[PDB]
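Here the structure comes first, spelled out in structure tokens, and everything after it is commentary.
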Amino acid sequence: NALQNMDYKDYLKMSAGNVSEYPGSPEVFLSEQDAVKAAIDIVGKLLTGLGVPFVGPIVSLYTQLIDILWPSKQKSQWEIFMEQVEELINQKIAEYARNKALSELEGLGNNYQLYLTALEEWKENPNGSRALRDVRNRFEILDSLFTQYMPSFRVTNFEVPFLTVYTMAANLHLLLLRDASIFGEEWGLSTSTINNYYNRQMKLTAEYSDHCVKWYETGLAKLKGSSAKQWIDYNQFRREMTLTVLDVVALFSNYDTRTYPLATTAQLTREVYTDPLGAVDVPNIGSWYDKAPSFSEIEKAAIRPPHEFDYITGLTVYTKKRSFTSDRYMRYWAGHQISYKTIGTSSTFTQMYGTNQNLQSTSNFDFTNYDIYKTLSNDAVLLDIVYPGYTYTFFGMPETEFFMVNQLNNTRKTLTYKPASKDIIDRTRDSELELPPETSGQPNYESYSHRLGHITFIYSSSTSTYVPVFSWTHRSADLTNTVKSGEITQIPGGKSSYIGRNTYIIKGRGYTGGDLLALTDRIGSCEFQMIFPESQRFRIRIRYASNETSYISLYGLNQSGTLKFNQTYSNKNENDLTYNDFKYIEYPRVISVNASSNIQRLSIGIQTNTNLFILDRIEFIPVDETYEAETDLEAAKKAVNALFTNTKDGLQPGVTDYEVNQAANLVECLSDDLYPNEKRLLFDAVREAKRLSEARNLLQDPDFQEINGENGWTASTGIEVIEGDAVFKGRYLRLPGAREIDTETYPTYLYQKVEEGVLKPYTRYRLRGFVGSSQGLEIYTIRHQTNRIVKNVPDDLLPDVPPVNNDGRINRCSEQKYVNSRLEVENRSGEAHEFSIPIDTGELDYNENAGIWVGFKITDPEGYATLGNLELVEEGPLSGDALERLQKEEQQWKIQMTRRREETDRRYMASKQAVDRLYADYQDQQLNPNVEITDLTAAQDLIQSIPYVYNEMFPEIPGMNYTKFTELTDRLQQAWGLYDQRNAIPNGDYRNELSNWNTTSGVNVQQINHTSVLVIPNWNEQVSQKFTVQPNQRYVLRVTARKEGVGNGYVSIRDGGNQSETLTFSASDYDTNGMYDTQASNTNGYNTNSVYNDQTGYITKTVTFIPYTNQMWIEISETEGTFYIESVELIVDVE
């Protein structure tokens, strides 16, 4: 059969069996095919050697690339790359520029051959000075040839037709530079020489990428049109230029050996589309597209909008029949339902295409667990001629064969769609002409480059258009998101799973191998589902873009936490991102996963405040067993060193007491097993740092051991000292809210004076502290001016879940790590935990001894504060502007003080003279005989009139005259003290309320003008007392009282015999002789009266008395009205 037509030549094709007239149609026929076949091989080889830094695998990779780009076949592969695009866009590169480029490329080839042999020489003899010369020389020659020639491949006017050439050359150039950064130290390159190369490499990665994408996009735009025919051409360029340009560009980022120091697996997740399945260019008949929908109707119908990566599980095809007569008919694919899913879910999706009406039959296909690596389709036409001689044509698809390989057990199978048709015209279409397998030894079911992903459909009943369209995913994109232990695994954002939420996916431009995931204010979270078949430690890295600075949170893999991201770009749409708009962030927590055959989940979400985060890919980086420990050491070595000056024997003044404590906490993280000596030395250092903090701190009692002690903190009742609690190391203060009792509100306060003795002139100091959380906390600094700030600090450093778990003891290591990550978010407007307030001295004065007051207060009953690490430190001498403004405040001050010392010295000397008058000596141990209660109240009223006894804005703190006030009050009380000892009547001035007095129930003592006054409010009401006296001694009784209203007030004294005396008070005591109108004679003859109303007006009356018994009674009463008694006094008469 086959053999009887065969020619001897065909038969001598060892295995000669009728595919030796197209023996690799995608290998060596049309130049678009051979370009595509070569690009698919190249991409396929590069994927196996990403990250790999060893000389052996790199030599064999070059061996392979060189055999593809510079074969010894009679046509140049570079020429084929030009033809490919020249044909697609129908423009030829001008003769001279085309020939120049081909020359230079042939020459590049000769130089690569010599690089490869030198590289091989060096592998065999790595320390031979000849081999080192050779490999270095040949590298330097290639680099400068690339630099010379790259402009040759982007000649302006011809950027698009050159694009494949440009791409493949740029790729070699980036690989070349990569070699420098891995082999450079061994070739003898300087550190700086290597750095220059690496910097050039990263600049060039951006230039070449941005050029490739720009011009892909421009080329594609110029094939836009309005007809179906033009759509085919537009899509061809999309497909071919993805395979030949964008797939290569997407690898460029992985050639960075600093970011990728070991083997890395990349995944191309973009979909590509094979040409639509309808017949074209049928002799004397035409094409499916002759009568078809418009360009934009096909773009809409055939091409899926961006979506989460998916794979096909099932298909139901709907078949119709078409006849013009009964002799001849086509049954064809009229529409379909396709079932598919995302990774890891179990949720089946279904979509419907085309029509399902007026059907002949239905065909079902199950593809669960299989990849489809190849399709054979029939593009058929039905042609019929009917009376009276008119031709009718129908284009449709009556047959496909799906070639399948099992994902798990690797067996092969074929499923066929083939309804009965009769007398139709057929051409077969093989998917491998467009998407060939990789060139290995291996069969296509092992080496396929793409699998069938989805099936769309171009449908119009008007034009009888019924055309399936197949999309395809690259092999490098797995269906399980498996993460292996010996490599960096990349998982692009498109490979997230559907869990029921909408998801915003942006169209990628080629840079990333696929589409981009975006999180927004509308859709805040995504989930990934992954298989981890081995137990391993990893760290996570994320490749991202954003136009803001905010943070993400990560949940899953037995942990959760937060990560800051920094703005990467500004003033662009998210569709105009270029290479340099993408950066990396690294999560600083090592993840432990246990090996499991089931899915493990990681969810990523942004905060309430955040608008946009664009996720390109997440990366798993394997780490060994000591990585966590090594990085903890590095963190601690840094934080401790930052405490000290260069000589290591002092604190920098910008370093806070809180920071000393933070560094100490991080030292705790160190492993005793790995770093005992390093840990001991860092402990030694922080201990010394803490002692240094206490030495420079000008506050007494910074650890709060002696509250209300001498020359330390003065504190209101209720303030608590806490030790052994979260956030603060050692001891801190909790200030409660102000206390309400009935009408009165009693504030919480804490203050201390720093004395003049420890200060310096013309110097700046800083009050610093840490607030855990607060509301209504007032902080005061006082030297000459008083300054006040209010802090309201949020309670954002404690967690809402246990920070320890079972082990309920505090762990200062994990506590500080958590607190550090919270101080890392950006709110410094009065709500920062730290505070630092400046206080400036001018001249010093040991007499004034003004010092510096620091004060804290809460007036709000609902306020509070936790407060620690308090310090007052010297910053340094004032100079420049700060000094001038101080000399101004100071001079403004000295003027104020001069006025105020004058107000003081008068009120003072007046007060002091009143008190001087109370005594009959200069020692103050003897009272005058003649002093009465009224001399005491007068002194007291004047003492009360001394001003500036208290600070105006903080009255609990002493003012300039506190000392003067206190001295006179002590002296006044001493004298009042003597008065009561002298007074033979116990409690005669009612300073002990009503003790010693027998009273009826309505008698009370009231505070009138800061003095005790006995009140008798009604006439049924009485007071008396029996007390002892010396018989036959002359006493004098002195009564100071005010009688108001009708009637008389009486004070009666008697002995136990026949002696008694009665003093009478009445409102007649005030009535006045009267002006009697200026004694009826005064200038001109005008009138003036006197005043009978003397309200705040007591009268003193006296009477002498001799008791002839050792007992006496006093009795106080009234007939009516109200009687007020300031003092009853019974003293021995001096005469």
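These numbers come from the heavy atoms of this one structure, side chains and all, not from hydrogens, waters or symmetry mates. Numbers here simply count residues along the sequence, with the first being 1.
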Under the criterion side chain to side chain contact (heavy atoms under 4.5 Å, CB included), I'd like the reasoning laid out for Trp713 against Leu870: C-alpha separation, chi angles, the key distance, then a yes or no.
CA-CA 12 Å; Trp713 297 102; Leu870 298 179; 3.8 Å; yes
Residues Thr763, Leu878; criterion side chain to side chain contact (heavy atoms under 4.5 Å, CB included); working and verdict
CA-CA 5 Å; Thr763 288; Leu878 293 175; 5.9 Å; no
Test of ring centre spacing under 6.0 Å for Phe856 and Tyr751:
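They do not qualify: ring centres at least 6.0 Å apart.
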Full working for salt bridge (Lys or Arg N to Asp or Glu O under 4.0 Å) between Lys817 and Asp632:
CA-CA 10 Å; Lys817 284 197 199 193; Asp632 279 341; 2.5 Å; yes
Check the pair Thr866, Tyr732 against side chain to side chain contact (heavy atoms under 4.5 Å, CB included), reporting the backbone distance first and the verdict last.
CA-CA 7 Å; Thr866 55; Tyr732 78 91; 3.9 Å; yes
[atom1]/[X]: more than 12 non-hydrogen atoms of other groups inside 6.0 Å:
{"X": "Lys648", "atom1": "NZ", "result": "yes"}
{"X": "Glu831", "atom1": "CD", "result": "yes"}
{"X": "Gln1007", "atom1": "CD", "result": "yes"}
{"X": "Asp624", "atom1": "CG", "result": "yes"}
{"X": "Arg258", "atom1": "CZ", "result": "yes"}

Would [X] and [Y] count as having a side-chain donor-acceptor pair, cut-off 3.5 Å?
{"X": "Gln816", "Y": "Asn820", "value": "yes"}
{"X": "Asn547", "Y": "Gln567", "value": "no"}
{"X": "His1010", "Y": "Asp941", "value": "no"}
{"X": "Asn961", "Y": "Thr904", "value": "yes"}

Salt-bridge present ([X], [Y]; N to O < 4.0 Å):
{"X": "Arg971", "Y": "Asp924", "result": "yes"}
{"X": "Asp840", "Y": "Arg885", "result": "no"}
{"X": "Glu778", "Y": "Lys791", "result": "no"}
{"X": "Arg812", "Y": "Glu668", "result": "no"}
{"X": "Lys690", "Y": "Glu694", "result": "no"}
{"X": "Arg539", "Y": "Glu586", "result": "yes"}
{"X": "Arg731", "Y": "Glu723", "result": "yes"}
{"X": "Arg783", "Y": "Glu756", "result": "yes"}
{"X": "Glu874", "Y": "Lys760", "result": "yes"}
{"X": "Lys912", "Y": "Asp916", "result": "yes"}
{"X": "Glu824", "Y": "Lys564", "result": "no"}

Please determine if [X] forms a cation-pi arrangement with [Y], meaning its NZ or CZ atom is less than 6.0 Å from the six-membered ring centre and no more than 45° off the ring axis.
{"X": "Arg541", "Y": "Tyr584", "result": "yes"}
{"X": "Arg900", "Y": "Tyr948", "result": "yes"}
{"X": "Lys964", "Y": "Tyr908", "result": "yes"}

Should [X] and [Y] count as side-chain neighbours, where that means a heavy-atom distance under 4.5 Å?
{"X": "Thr562", "Y": "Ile552", "value": "no"}
{"X": "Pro799", "Y": "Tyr818", "value": "yes"}
{"X": "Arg991", "Y": "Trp976", "value": "yes"}

Do you know the tightest heavy-atom contact between [X] and [Y]?
{"X": "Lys679", "Y": "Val667", "result": "CE-O, 3.6 Å"}
{"X": "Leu942", "Y": "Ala914", "result": "CD1-CB, 4.4 Å"}
{"X": "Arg907", "Y": "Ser945", "result": "NH1-OG, 3.6 Å"}
{"X": "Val640", "Y": "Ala663", "result": "CG2-CB, 4.2 Å"}
{"X": "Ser546", "Y": "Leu612", "result": "OG-O, 2.7 Å"}
{"X": "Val804", "Y": "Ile810", "result": "CG1-CA, 4.3 Å"}

For the side-chain contact (heavy atoms from CB on, under 4.5 Å) test, which of [options] pairs with [X]?
{"X": "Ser773", "options": "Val727, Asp795, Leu798", "answer": "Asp795"}
{"X": "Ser693", "options": "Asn661, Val655, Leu651, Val873", "answer": "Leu651"}
{"X": "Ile782", "options": "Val854, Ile852, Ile957, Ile839", "answer": "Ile957"}

If we check ring-ring contact (aromatic ring centres under 6.0 Å, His included) with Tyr544, which of these qualifies: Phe613, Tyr551, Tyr569?
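The residue from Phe613, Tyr551, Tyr569 that satisfies ring-ring contact (aromatic ring centres under 6.0 Å, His included) with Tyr544 turns out to be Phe613.
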Given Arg766, which partner from the list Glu871, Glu834, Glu875 fulfils the salt bridge (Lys or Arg N to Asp or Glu O under 4.0 Å) test?
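Of all the options given, the one that passes is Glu875.
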Geometric class of the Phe770/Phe728 ring pair [parallel <30°, tilted 30-60°, perpendicular >60°]:
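Answer is perpendicular, since the angle exceeds 60°.
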Do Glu720 side-chain atoms and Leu735 backbone N/O form a donor-acceptor pair below 3.5 Å?
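A pair under 3.5 Å: no.
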Assess the residue pair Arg788 and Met953 against the criterion (side chain to side chain contact (heavy atoms under 4.5 Å, CB included)); give the C-alpha distance rounded to whole Å, side-chain angles, the decisive distance to 0.1 Å, and a yes or no.
CA-CA 9 Å; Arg788 196 185 70 121; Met953 296 192 206; 5.5 Å; no
